[PDB]
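Numbering (PDB author numbering), first residue to last: 3 to 28, 47 to 181, 186 to 517. Beta carbons: idealized from backbone N, C-alpha and C, even for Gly.
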Ligand SMILES: *[C@@H]1O[C@H](CO)[C@@H](O[C@@H]2O[C@H](CO)[C@@H](O[C@@H]3O[C@H](CO)[C@@H](O)[C@H](O)[C@@H]3O)[C@H](O)[C@H]2NC(C)=O)[C@H](O)[C@H]1NC(C)=O
């Protein structure tokens, strides 16, 4: 349990770093590597445990595996539409549009939500690696996450003195070497049978009532429109010189997302359909014990033979550990650099980068660990990340680039309106009891009060409308008399 897991993880991390430096030492092909790396930005750590939750958990099923189909569609929406109206106007990074119209100050107030979103994502990755380690070396839930994240952040500490391709290859080989074998286990029954007929559990094929179809469309639109905005995607496409190449790149990344989601769904489906009274895990099921998180590492380690298991499971753990470094470094660096330049001015010569990035990266890792420690879901963290991004960033991104005449008053008005309409409406994974109680709430765990009336999409739309309304109203009273131009907090005249 302990020794085999530790040696497997160490060996595979050594081998992945070795291949990385083999690359870093030293056409007809350029569609391959770019598409694979840009889909490697999303896939990895996230999907496998997230969609494992989505499929395995009773009641939700496939029809509630929103993100594994949500993001791919998100990629197409980002490319097929926003590929054009940023090339022609010309922009270097997504930092630029906000700091071009909204002065310079407004940008940091806008990009704090991006920090919190990628903080959610980093917490999800840390939770996934904690579960994988807690299965491979079978220690604990508190111990695995803290050990994992401390090592990850202290390695990213001196990580400053391509590898994203080998991540996907390891992920693909690891899943596609276990599932053909686990599906053969006598403990498992026909994956088709429990899909439609519900022999040993509710059908792992998701079921949605006509009543909460509004909530289903809320979640779908949230994920689909909250994937586009984020920084890594814009940074990648903007660094691509030719436009059509970006469209084919979006096609290929969405296809990579969808193909890598195929082995991940079947893993959770087997985990659900399996008769657990035969395996050596004990009759207490992953739901009847508060450990539904670990369903994928559990099905790999226990429902596969000893020799096959460590290849795939160590590959998964090593890949997600590697992704942790990139996510942590990028998330801390962008905030520190942008907002520190923002505040009044600060010498970047020989203090800012090292000192500020150090402080921010350490505290960011600590906070990601702290919130990944209490939430026993990863699908929930995803939802929360894309949820906040959808609430705040996307409306103003869409009005800045697709709409004309947007101004700085609209930025603050949309910010306040969106944030209020979201936080006041309640959040069910944490204990955010709502204050409004939109028609359609159902009694639950007193932490979960879902309103079938979509308020997330309503908040997004009304924040965009608030931006437009206050912007053009202030533009209309631009004048003397009508709050004369003497009164001017953020410049528009
Ligand atoms: C899986 O579940 C089954 C049943 O849900 C468990 O198997 C049963 O275990 C008992 C205890 O050894 C076996 O003895 C039986 O006990 C009852 C108690 O009332 C008695 O009336 C019977 O005459 C008999 O002595 C029982 O035969 C056995 N049933 C079967 C079908 O094997 C089992 O412990 C669970 N876990 C596994 C199989 O890992």
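Beta-carbon proximity list for residue 320, same chain, < 6 Å, skipping 5 on both sides: Residue numbering aside, residue 320 sits at position 296 when the chain shown is read from its first letter. So the qualifying residues of the chain are 68, 69, 72, 291.
Buried versus exposed, by CB contacts within 10 Å (16 or more), residue 475: Working through the chain shown from its first residue, we reach residue 475 at position 451. Residue 475 comes out buried.
Beta-carbon proximity check, residue 184 vs residue 187, cutoff 8 Å: Residue 184 falls within a stretch that is absent from the model, since the chain runs 181 to 186 with no residues between.
Residue 251 to residue 381 span [Cα, whole Å]: One-based indexing of the chain shown puts residue 251 at position 227. One-based indexing of the chain shown puts residue 381 at position 357. Taking the straight line joining both Cα atoms gives about 26 Å.
DSSP three-state assignment for residue 451, whether helix, strand or coil: The residue given as residue 451 occupies position 427 in the chain shown. Looking at residue 451 - three-state DSSP - the assignment turns out to be strand.
Option nearest residue 405 by Cα separation, candidates 139, 25, 341: By one-based count along the chain shown, residue 405 stands at place 381. Comparing Cα positions, the closest option is 139.
Endpoints, the alpha helix (DSSP H) within which residue 4 is located: In the chain shown, residue 4 corresponds to position 2, counting from 1. Note, residue 4: alpha helix (DSSP H), 4-27.
Nearest residue (CA-CA) to residue 366, options 493, 485, 118: Taking the first residue of the chain shown as position 1, residue 366 is located at position 342. The option with the nearest alpha carbon to residue 366 is 118.
Inter-residue spacing [alpha-carbon to alpha-carbon] between residue 300 and residue 93: Residue numbering aside, residue 300 sits at position 276 when the chain shown is read from its first letter. Residue numbering aside, residue 93 sits at position 73 when the chain shown is read from its first letter. The straight-line gap from Cα to Cα measures roughly 35 Å.
Cβ pair residue 393, residue 146 closer than 8 Å: Along the chain shown, read from residue 1 onward, the residue named residue 393 stands at position 369. Along the chain shown, read from residue 1 onward, the residue named residue 146 stands at position 126. Cβ distance < 8 Å, so residue 393 and residue 146 count as in contact.
Where residue 307 falls: helix, strand or coil (DSSP): What you label residue 307 is simply residue 283 of the chain shown in a count that begins at 1. Here residue 307 sits in coil by DSSP.
Secondary structure of residue 501, DSSP reduced to three states: The residue labelled residue 501 in the question sits at position 477 within the chain shown. Here residue 501 sits in coil by DSSP.
Run of the alpha helix (DSSP H) containing residue 162, from where it starts to where it stops: Taking the chain shown and counting its residues from 1, one reaches residue 162 at position 142. First-last of the alpha helix (DSSP H) with residue 162: 162-177.
Backbone secondary structure at residue 456 - three-state DSSP: Sequence index remark: in the chain shown, residue 456 carries index 432 (1-based). Strand at residue 456.
C-alpha gap between residue 154 and residue 313, whole angstroms: Counted from its first residue, the chain shown places residue 154 at position 134. Counted from its first residue, the chain shown places residue 313 at position 289. Cα to Cα, the separation comes out at about 15 Å.
Alpha carbon of residue 416 to alpha carbon of residue 355, nearest angstrom: Within the chain shown, residue 416 is the residue found at index 392, counting from 1. Within the chain shown, residue 355 is the residue found at index 331, counting from 1. Straight-line Cα distance between these residues: approximately 18 Å.
Rounded Cβ spacing between residue 514 and residue 123 (contact assumed at less than 8 Å): Working through the chain shown from its first residue, we reach residue 514 at position 490. Working through the chain shown from its first residue, we reach residue 123 at position 103. About 6 Å; that satisfies the 8 Å criterion.
Residues near residue 280 by beta carbon distance below 6 Å, same chain, minus five either side: The residue given as residue 280 occupies position 256 in the chain shown. The residues are 59.
Straight-line Cα distance separating residue 120 from residue 516: Looking up residue 516 in the chain shown gives position 492. Looking up residue 120 in the chain shown gives position 100. Taking the straight line joining both Cα atoms gives about 13 Å.
First through last residue of the alpha helix (DSSP H) which encompasses residue 426: Residue mapping note: residue 426 aligns to position 402 of the chain shown, counting from 1. Run containing residue 426: none; DSSP gives neither H nor E here.
Cβ-based neighbour list, residue 311, same chain, cut-off 8 Å, excluding 5 preceding and 5 following: Taking the chain shown and counting its residues from 1, the one referred to as residue 311 is at position 287. 77, 78.
At least three beta-carbon pairs within less than 8 Å, the segment 99-108 to the segment 328-346: no
Contact test: residue 225 Cβ vs ligand 1 heavy atom, cutoff 7 Å: By 1-based counting over the chain shown, the position of residue 225 is 201. No, the Cβ of residue 225 stays beyond 7 Å of every heavy atom of ligand 1.
Element boundaries [alpha helix (DSSP H), containing residue 130]: As a first step, residue 130 is located in the chain shown; it is residue number 110 there, counting from the start. Note, residue 130: alpha helix (DSSP H), 126-156.
Alpha helix (DSSP H) segments (min. 4 residues) lying fully within the segment 252-326: 255-262, 267-297, 319-326
Reference residue 233; option with closest CA among 84, 390, 445: Residue mapping note: residue 233 aligns to position 209 of the chain shown, counting from 1. Nearest C-alpha to residue 233: 84.
Sequence-distant residues of the same chain with beta carbon closer than 6 Å to residue 451, five excluded per side: Within the chain shown, the letter at position 427 stands for residue 451. So no residue of the chain qualifies.
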